[PDB]
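quick one, what's the 3D model for this:
(chains A, B, C, D, E and F, ligands or ions: 3)
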Amino acid sequence: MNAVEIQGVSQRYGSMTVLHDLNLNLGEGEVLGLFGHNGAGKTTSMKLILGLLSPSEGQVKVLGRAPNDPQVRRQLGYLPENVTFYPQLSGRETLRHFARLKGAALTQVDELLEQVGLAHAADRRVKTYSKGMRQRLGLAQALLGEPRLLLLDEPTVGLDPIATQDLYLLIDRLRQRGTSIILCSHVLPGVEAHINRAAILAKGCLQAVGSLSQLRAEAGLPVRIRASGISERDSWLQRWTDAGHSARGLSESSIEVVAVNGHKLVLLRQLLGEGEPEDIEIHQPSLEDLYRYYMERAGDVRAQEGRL
Amino acid sequence: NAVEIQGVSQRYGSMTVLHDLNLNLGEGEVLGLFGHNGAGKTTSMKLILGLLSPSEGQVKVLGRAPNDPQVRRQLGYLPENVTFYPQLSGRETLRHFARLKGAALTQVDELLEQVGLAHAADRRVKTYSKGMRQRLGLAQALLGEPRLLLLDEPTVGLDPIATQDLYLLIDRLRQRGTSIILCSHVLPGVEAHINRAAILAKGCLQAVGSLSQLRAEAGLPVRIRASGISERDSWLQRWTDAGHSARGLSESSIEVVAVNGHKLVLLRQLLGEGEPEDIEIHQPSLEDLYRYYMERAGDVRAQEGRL
Amino acid sequence: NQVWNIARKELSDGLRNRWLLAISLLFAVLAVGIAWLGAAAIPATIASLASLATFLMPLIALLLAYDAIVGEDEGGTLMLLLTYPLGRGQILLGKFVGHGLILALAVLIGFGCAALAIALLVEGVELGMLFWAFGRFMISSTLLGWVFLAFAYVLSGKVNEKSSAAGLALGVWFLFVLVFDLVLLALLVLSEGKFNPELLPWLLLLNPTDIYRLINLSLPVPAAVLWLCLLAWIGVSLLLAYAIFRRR
Amino acid sequence: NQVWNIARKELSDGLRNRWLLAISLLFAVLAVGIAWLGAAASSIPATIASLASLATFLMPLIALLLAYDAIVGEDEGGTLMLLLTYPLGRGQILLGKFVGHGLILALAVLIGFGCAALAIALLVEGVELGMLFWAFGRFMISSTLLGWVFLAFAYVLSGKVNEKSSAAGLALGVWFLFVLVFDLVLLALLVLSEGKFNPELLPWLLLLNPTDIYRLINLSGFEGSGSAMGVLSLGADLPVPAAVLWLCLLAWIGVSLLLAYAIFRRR
Amino acid sequence: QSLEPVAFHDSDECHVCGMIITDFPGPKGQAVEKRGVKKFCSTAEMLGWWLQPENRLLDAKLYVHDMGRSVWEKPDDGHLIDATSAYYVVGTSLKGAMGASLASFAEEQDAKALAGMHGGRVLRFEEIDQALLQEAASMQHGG
Amino acid sequence: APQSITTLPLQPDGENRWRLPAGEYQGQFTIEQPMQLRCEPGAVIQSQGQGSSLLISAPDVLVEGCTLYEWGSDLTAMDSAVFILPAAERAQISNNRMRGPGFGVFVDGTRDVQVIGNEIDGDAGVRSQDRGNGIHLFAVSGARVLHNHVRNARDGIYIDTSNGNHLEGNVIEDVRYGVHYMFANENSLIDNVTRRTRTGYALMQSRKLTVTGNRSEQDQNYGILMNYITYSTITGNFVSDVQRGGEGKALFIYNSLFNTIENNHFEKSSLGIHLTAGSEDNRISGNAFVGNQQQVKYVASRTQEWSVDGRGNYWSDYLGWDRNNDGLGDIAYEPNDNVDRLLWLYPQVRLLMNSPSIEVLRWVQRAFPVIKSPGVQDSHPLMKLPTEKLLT
Ligand SMILES: [Cu+2]
Ligand SMILES: [Mg+2]
Ligand SMILES: [Zn+2]
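Numbering: from 1, shown residues only, chains lettered A, B, ... in the order given. Ligands and ions are numbered 1, 2, ... in the order given. Shown next is the protein structure:
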């Protein structure tokens, strides 16, 4: 069972094709992250999964149906970016307005205002809300009813650093129930800990898709294997050169080995089976470093030392 | 010494919204100010800029007074969100800020090529995105060779290639000798670039130092995340009975928290028994450190899904 | 029905609009101050009340609904609302019901306090004619307001920014209240045989402010066509607003 | 100087306002249209009291359209808090906006009354060019001063509010009160009392309205008919000379600018 | 329908003075408007009505009597010429109904006949103005 | 046609003075000798319905107290009730009751005739085109018609070319015209009362005459109609509530060049005063234009000052003040706008008359006086009622 089955779509406006041969398959409990920089492929694929647009050269199958059926949208939350609600209305009255449209019960309103932490700011106007306070309200309408698919377009802008960790903690409680969601951020560290598979895409096409273990293995990107607690410091330090690495032989009881990540990390037992590792530390390449590679994989030449 | 906040206890309305912080900032370091409930993220930001009067204590920016015009030509402030002047163009908005800060007019055409805005220059600011106004808001901050940057969330609404290039530009300005304050809220992501964090909460400045000093002053375990294991529930029934909190994330992918003395003997279990395809070992990050120091002072942990 | 669930929002949001409640108070004060100086100093005062409600009931309708579609697009909730189980017709028709009952209440506080100043300051007004001449007045003032409500949905769906919506809603208010009749007057003064005298009553049917006064002055046309021509101004312009809203 | 460097912005920001250029061309095509009707009827004291009535409706309107969002339009736009971290004071970012918006009103009425004089010297043959230059020289250096009053009024209602949508409500309230409500409350005070409320206090109430001091300056030499003044006809009962009427127009600037600075100093 | 001069009845009041038209001698003007015909007790009262600014723009045909083919005490309805192309004589001693006596003619020599027979001057329709009607009536019914 | 000597008059005094006893009579009668005949109250001299009932041909006749009934109706042969020949100079017709379908008192060519105190009920069924005149006067010099009561005649007191005569205190009810004037140079009429009449006062082509103190109660469509009157004097007239049946004009000035119109009272009509374009530059000062729905109708662009010697008229809708405590107002009063004369010049503007643009155009004239056409204004209008005695 798959929530979203984007099956060979090609979305165009006029003679230009703004989204070319997209082919996705979101699972039943996975957290997918669409990331887009230059083209509107991130933005248009948001509108394709919702009923906002129509596939010009393909089809999408949200929950096994058409994307615009009323049985689909009653079990689909969506939080758009920079939404500013009705400022003369109230916080509780906005959810009570939104619960009537999605057909949810009104007993879920007093829970979800408490569930996002808006109980102290309920029964006040939306114009006297902060930026992060409106994001708590915008998340709370996405959780109305029993949603099966969430589309969080930049969910944690302007939030508290505690509250953004609890928001993803609410997410990881949701996908254990079986609600596969879709994240769309522009801050890439921070969402790499809770994403299940990335969907980094260029201007038109989809560049790469898969989990973070698959993207670091496919895209050859440097890893940093720094390590303390050294056994004997000489023969173990020199033997990385003929293996095919350039290991920086630090003197102060630490060994830096750079690699190519085909000889992956610890490979089988070899980095650890000598008997005395003594508190190694791993600094793997982030989601952000993979994202700059796939921008270089299709056009988009690197800037200078400090430009942008 | 670039920024010397000493003994400041800012009160207004006899409320004492800031209380007894001593935040000395070096001449090449990059500080990070993070505040959650208390207004010390906002008030102490204003005290450095000189637009607030420090009650009961002194602020010495650049060795001089914080409201002197000779030091305001050596500051740069990127505010929170600035839709500047929607009828002016790109060049004429930055030339306007060039005349006010006393910078030369040779800088304004070479900053709009430095920041990626020359293709969108000589175009009206109402046709700018939020990413382009952040690009323009940076361009007035680097205007006239500032000795102290002061950024208020410079990466909001900004695409990730230009996000990385901003910190690469910050890392050029650190080597040139300009101290930078990165006041932000997107803490996973800024910790790879700051030099010293400054977590302040409920007015009182809780902890200040580098990340290695923050992990030293707080006994926190290392997180070991391993993907590609044989079965999910074959390992999760073992670390929980070993006293380590371990959840699942995918079909075959788990994370494990250590106690830093049981990291290695549990790492013996990974390689020689049921070999996976990947292992990640994480230090306690800035996100984990922020929730420790906040819970340590006044704040209480919420429930499992209550925020 | 979700045409009513989105109508309850626009009642609660429109009645807390501080800009509307200032004008609806000023409409009720000036309806008393005309009725005070029309009694102490009933068809003679219902014509001056018709000129008053031709000023302000287009102004009340355009103050409510100039930011109905484009004000929700700028707020970002319009893209959110289309992902709900809701057609584009039910958003527009539900806003028309919600904004419609606001100025259907603004004439009940407007003329409800004006007819109180007539029934208590004439002493011999023959009130059997009052409850039929004001019943025809309150109904025809809502239908005038519902035209400019439907005019406001046309200009909201066309523009892309909230600042240029008020620049067109002011332009619609200038054109349909006091520019269309000044260019009727202008043709007569410049020349007499250029324009037919008989033709001019028919040309009042191209202006809902002019059809509003003709059903408060009771003429080559009958009365019943003017009621069916004022309702035709609602039904074409709402259908025009629905055709614009389906092309965003 | 910093006051001129921030005036060069507002001189280049008000001239790109399309709502200004509509209602400043409307001031030019009406001041020609009034002066053309004053040329076809000849007369002379009616086209002076009507041109001064035209700048009563429009020069407060162009001034309040400019500067209602001068302070609070920068505060919610974020660019005011940035500007105080520049080498400036609060007195330079207010007087600079007054100089910058003041030269627009000095140019919006030099276009208006400039082309109105050219629709008289080229239209009515044999007009006195000494009397034309003196009357329209008095119109130019007094409609700026009426404009600079309502410019300084708009800085008061920009510093007081904290939302730009509420500043436009107050600017519409100031434009309605001083232009066509104070002329009607004073009329209704004279009608309902039949001129027997106070026979000596009531001419001094014209000085509490800068649009009426503006009309009293330009209607000094050309009284002419009596019915055209209306509520202005109490100006013969004011014992002050013409030079004090200039000084009461300048005092409406200086008190309502020092109030505009004292409000902005505790913003 | 403005082309038809309607006939006079005995119960026909003037438009201005309102009294009975056919109780008087002299020519009797009338004005067909094509929306409703209004009649006049004398031709000088019609020309006093015509020179008002409400009726300068009014598209209406003016019809007076032909006194060159009629007896002056009882003019027949009959031949009723257009009043713009007539030849009014003025200043005669004849006693009209309301204004000065303006005998209307169509042939200009019979207008010159009555001018020399009473001491008057022929004048056209466009030469008639309100400075002349008040001057001629003061010389007739004055002194 | 018998004579008055063919009756049985009992002489009270032997100076040709007779007294007719009570009892009815029959046929027409003729006075040929100067007989000062009086009558008992039962002297119903009822003719049969033909001929002039009481023809008078002798001078110095004191007809008193008779009661005439049902004379003829041939107005061409002048079937009157009291026919008075030109040779019957200085006749007095005192305190008589008349009921018949022709002329009540027809005089012609007479001098110093006195028609005093009579009650002349004209008709009920004739269409007010053949009822005959109430008191017809045809070129009389010296007449004195005083305090009569004419009801339901045709055109009331008709006067044709009669030079010097007074009309004092007579009540005229339910007629077509109240008082008709034709070429009556140097006339006078004081304190007359006209009720429910299709024109209260016809002033046609009569110069140099005095119209003073007259009252017009609820007349139809024309209060006082003046055609071609010069050097007249209209002082103290009370014209009230001229309803339609014209739209109702309390005073209609048509081609009247010079006359002083002072101290009048035009009350509750549709039009207070209609001033035509030909009638200009006459002294109109001191009147009271109260309660009229539209005060002045003046379709022109020529200015017309309505205040001689600095004193103007009282206007009910004058929204002005008076600071220096004199009787005069301080601001001038224009009774007409420019859009108030577009309605008269073009009747199709009546459809647009309730529009806000018309209400805008009324305000644009008060703000921009260049578009004000020169109208019918009066500098220094009155603040209080000058006709404080005329409301009684
Ligand atoms: Cu007559
Ligand atoms: Mg006075
Ligand atoms: Zn006539």
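
from here on, just use CA atoms for contacts and neighbour counts.
Fine.

give the contact list for whichever residue of the stretch 201-350 of chain F sits closest to chain C.
Among the residues of the stretch 201-350 of chain F, residue F:348 lies closest to chain C, at 6.9 Å counting by Cα to the nearest Cα. By Cα atoms under 8 Å, 6 or more residues apart in numbering or on different chains, residue F:348 lies in contact with C:197, C:200.

swap in residue C:241?
Contact analysis of residue C:241 by Cα under 8 Å, 6+ apart lists C:150, C:151, C:153, C:154, C:157.

so can I have CSV of the residues you listed showing distance to chain B?
Shown next, in CSV, are the contacts of residue C:241 (distance: Cα to the nearest Cα, whole Å):
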residue, distance to chain B
C:150, 29
C:151, 27
C:153, 25
C:154, 24
C:157, 20
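
helices - which of the residues you listed land there?
C:150, C:151, C:153, C:154, C:157 (DSSP state H).

and the fourth one, how far from residue D:85?
The gap separating residue C:154 from residue D:85 is 45 Å, by Cα to Cα, to the nearest Å.

hmm, residue E:15 is touching residue E:42, no?
No. Look at residue E:15 against residue E:42 with Cα atoms under 8 Å: they stay out of range, at 10.3 Å.

compare these two (neighbour count), which wins?
Neighbours per residue, other Cα atoms under 10 Å in any protein chain shown: of residue E:15 and residue E:42, the larger number sits with residue E:42, 28 against 19.

distance of the residue at the greatest distance from the centre of chain C from chain B?
With Cα atoms, centre = their mean as the measure, chain C has its most outlying C-alpha, relative to the mean C-alpha position, at residue C:193: 34.6 Å. According to Cα to the nearest Cα, to the nearest Å, residue C:193 and chain B sit 50 Å apart.

same check, this time on residue A:46
Look at residue A:46 and chain B: by Cα to the nearest Cα, they are 17 Å apart.

quick check: beta-bridge partners of the closest residue to that residue other than its chain neighbours?
Once flanking residues are discounted, residue A:46 sits nearest to residue A:151: 7.8 Å by Cα to Cα, 6 or more residues apart in numbering or on different chains. For residue A:151, the beta-bridge partners are residue A:78, residue A:182 (DSSP bridges).

ranges for the helices of the stretch 201-350 of chain F?
Counting by DSSP state H, counting those that start in this stretch, one finds helices in the stretch 201-350 of chain F at the ranges F:339-345.

what is the burial count for the closest residue to residue E:77 other than its chain neighbours?
Nearest residue to residue E:77, sequence neighbours excluded (Cα to Cα, 6+ apart): residue E:7, at 5.7 Å. Using other Cα under 10 Å, residue E:7 has 11 neighbouring residues.

and the one 4 residues further on, by the same measure?
If you count neighbours by other Cα under 10 Å, residue E:11 ends up with 11.

for the nearest residue to it once chain neighbours are set aside, list each beta-bridge partner.
Counting by Cα to Cα, 6+ apart, residue E:20 is the residue found nearest to residue E:11 once chain neighbours are left out, at 6.7 Å. Beta bridges link residue E:20 to residue E:13, judged by DSSP bridges.

surely residue E:20 and residue E:8 touch.
No. The criterion here is Cα under 8 Å, and residue E:20 misses it with residue E:8 at 10.7 Å.

ok, now which ones touch residue A:260?
A:220, A:221, A:222, A:223, A:245.

could I get those as TSV with distance to ligand 3 and secondary structure?
Formatted as TSV, the contacts of residue A:260 follow (distance: Cα to the ion, whole Å; DSSP: H, G, I helix; E, B strand; the rest coil):
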residue	distance to ligand 3	secondary structure
A:220	114	coil
A:221	113	coil
A:222	116	coil
A:223	117	coil
A:245	127	coil
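
and chain A, which residues reach chain F?
Residues of chain A lying near chain F by Cα under 8 Å from any Cα of the partner chain: none.

what about the strands in chain A?
Along chain A, counting by DSSP state E, strands occupy A:4-7, A:9-11, A:19-22, A:31-35, A:59-62, A:77-79, A:149-153, A:180-184, A:197-200, A:224-228, A:254-258.

residue F:382: which of those strands is closest?
strand A:77-79 (74.8 Å; Cα to Cα).

so which elements touch the closest one?
Packing partners of strand A:77-79 (3 or more Cα pairs under 8 Å, 6 or more residues apart in numbering or on different chains; DSSP states H and E): helix A:131-142, strand A:149-153.

outside of it, which residues touch it?
Outside strand A:77-79, the residues that touch it by Cα under 8 Å, 6+ apart are A:138-139, A:141-144, A:147-153, A:155, C:80, C:83.

of all the residues you listed, which comes closest to residue F:307?
residue C:80 (73.8 Å).

name the SS class of the closest one, please.
helix (DSSP: H, G, I helix; E, B strand; the rest coil).

isn't it up against residue A:80?
Yes. Between residue C:80 and residue A:80 there is a contact at 6.8 Å, judged by Cα under 8 Å.

can you give me the helices in the stretch 151-300 of chain A?
According to DSSP H, counting those that start in this stretch, the stretch 151-300 of chain A carries its helices in the segments A:163-177, A:212-218, A:235-238, A:287-296.

could you count how many residues lie near the closest residue to chain E within chain A?
Closest contact between chain A and chain E, by Cα to the nearest Cα, is at residue A:88 (57.8 Å). For residue A:88, the tally of surrounding residues (other Cα under 10 Å) stands at 18.

ok so, going back, save the strands of chain A as TSV, and put in distance to ligand 3 and mean neighbour count too.
Formatted as TSV, the strands of chain A follow (distance: least, Cα to the ion, whole Å; neighbours: other Cα atoms under 10 Å in any protein chain shown):
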stretch	distance to ligand 3	mean neighbour count
strand A:4-7	95	20
strand A:9-11	87	21
strand A:19-22	90	19
strand A:31-35	96	25
strand A:59-62	91	20
strand A:77-79	87	25
strand A:149-153	89	23
strand A:180-184	93	24
strand A:197-200	100	22
strand A:224-228	119	18
strand A:254-258	122	18
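
can I get the ones you listed in CSV including distance to residue A:123?
Below are the strands of chain A laid out as CSV (distance: least, Cα to Cα, whole Å):
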stretch, distance to residue A:123
strand A:4-7, 37
strand A:9-11, 43
strand A:19-22, 43
strand A:31-35, 33
strand A:59-62, 36
strand A:77-79, 22
strand A:149-153, 25
strand A:180-184, 30
strand A:197-200, 39
strand A:224-228, 52
strand A:254-258, 57
